[PDB]
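Per the entry's author numbering, the sequence shown runs over residues 178 to 262, 265 to 280. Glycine included, each C-beta is placed from N, C-alpha and C at the ideal position.
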Amino acid sequence: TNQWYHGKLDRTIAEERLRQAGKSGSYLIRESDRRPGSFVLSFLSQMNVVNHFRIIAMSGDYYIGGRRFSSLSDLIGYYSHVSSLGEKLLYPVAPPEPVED
């Protein structure tokens, strides 16, 4: 569950991880290092374009595209199962597993 949370992660590594997944509709959530306390939905769109959508944390709520959410998980759920953003969240990209010691 919620494999798509990468915590603190810069833009370049986020784009690397999404491009590694390689399919349009791949996504992750990271807490912006440039704007801490805010988050980014990073999303691989068509034609090798990564979009980085700011998500605003306001009043215990989370805002993206004027829609309001109670948790980052609720936000991911909505753009996966209710409506497109219009592109659709399809493949959650999990953080790289720990390496073989």
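Exercise. Which residue's Cα is closest to the Cα of residue 227: 184, 196, 274 and 277?
Worked result: 196
Exercise. Which residues mark the beginning and the end of the beta strand (DSSP E) in which residue 238 is found?
Worked result: 238-241
Exercise. Cβ atoms of residue 219 and residue 270: under 7 Å apart, would you say?
Worked result: no
Exercise. Beta-carbon separation of residue 262 and residue 256 under 7 Å?
Worked result: yes
Problem set entry | Secondary structure, alpha helix (DSSP H): runs of 4+ residues fully inside the segment 187-250 | 188-198
For this session: Please name the residue, chosen from 267, 192, 241 and 186, that lies closest to residue 231 on a Cα-to-Cα basis.
Result: 241
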